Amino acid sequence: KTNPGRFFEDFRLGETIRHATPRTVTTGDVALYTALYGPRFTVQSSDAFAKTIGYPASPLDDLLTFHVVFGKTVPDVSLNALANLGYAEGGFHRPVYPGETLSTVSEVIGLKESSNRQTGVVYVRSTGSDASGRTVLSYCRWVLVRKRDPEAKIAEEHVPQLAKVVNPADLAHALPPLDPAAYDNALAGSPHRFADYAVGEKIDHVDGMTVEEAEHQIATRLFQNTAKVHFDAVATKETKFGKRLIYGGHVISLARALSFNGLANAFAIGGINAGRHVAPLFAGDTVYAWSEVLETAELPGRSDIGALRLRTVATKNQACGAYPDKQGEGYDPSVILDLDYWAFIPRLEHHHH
């Protein structure tokens, strides 16, 4: 029963993995998520405010939902990962409330050995469901995993093909009918509505967050994400980094929190277009971030909210006033994340019943 877990040669294309340890998310998790990342989006922070605008109660931060659903997959898929690399085709179907239980099922949809035959990239489609089987989250990710025995031979290889953009039209049925007049701009922390954003606008978030060892471990276990490279200062000595790698998701959550400085009314996340973990983060490193409007979509059947398509780029140890990005055939050396996603935002303020 000694189980070092699954390695790259153990995956067979088209297998469905029915992940263990479904997770009841409570106001315990909300309070710890708030203290690990410091997000200040009022919909999630204030029940009073959420209720007035047309929610039943504050919904979970969409990234608390995401890290929990991802977490459940880690024991089977990425326990023996060296790094999670990217995402595509992400959809937040349903908002999630404290007391709800989240479960995850993954489908192996790609496998590509690395040239050294020491590792492969595993591609999965992961689907999270509430206790009654209703989908709440769908996404694709790919992660670089260890082979147990490098001399082993990779049966079938397949780099799958993924939409680099989700279609706003399928995100329309996500958020319940809201009241954009009840939405109190002063309590939400910005006057800027759907119509105040221009395609091409660039936003430095200014604020920096230095990440301590204990912070990312406490976050990573909260998600019940077991990837040994987060936790084992002994074993990681024998990796390329030689020390504990911070959960990629920790950077996504930190960048989202910072993004409140300019995008406070992008209150909920509807889907993920593309994401890429460019570079790893270590304890003692400082995160900064900057964002861009790529599209501004109206939602078929709705006038309360539209959708912003956004690109957010995070750095370590480098302010983003100069908007760091590409630099030759690759990124500026300070870039650690490049995330392309749809958020929701209120439209008009005219009171209706």
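Residue indices: 1-based, along the sequence shown.
- Look at the C-alpha B-factors of 285-293 and of 298-306. On average they run higher in 298-306.
- Mean CA B-factor, 45-53 versus 26-34: the higher value falls on 45-53.
- Among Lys164, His250, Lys228, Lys72, the highest C-alpha B-factor in the deposited entry belongs to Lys164.
- Reading the B-factor column for the CA atoms of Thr119, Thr236, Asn84, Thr101 in the entry, the top value corresponds to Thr119.
- In the deposited entry, the Cα temperature factor of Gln327 sits in the top third of values across the chain's modelled residues.
- Sort the modelled residues of the chain by CA B factor and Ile246 lands in the lowest third.
- The PDB entry assigns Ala257 a C-alpha temperature factor belonging to the lowest third of its chain's modelled residues.
- Remark: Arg221 belongs to the lowest third of its chain, ranked by C-alpha B-factor as recorded.
- Compared with the other modelled residues of the chain, the Cα B-factor recorded for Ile154 ranks in the highest third.
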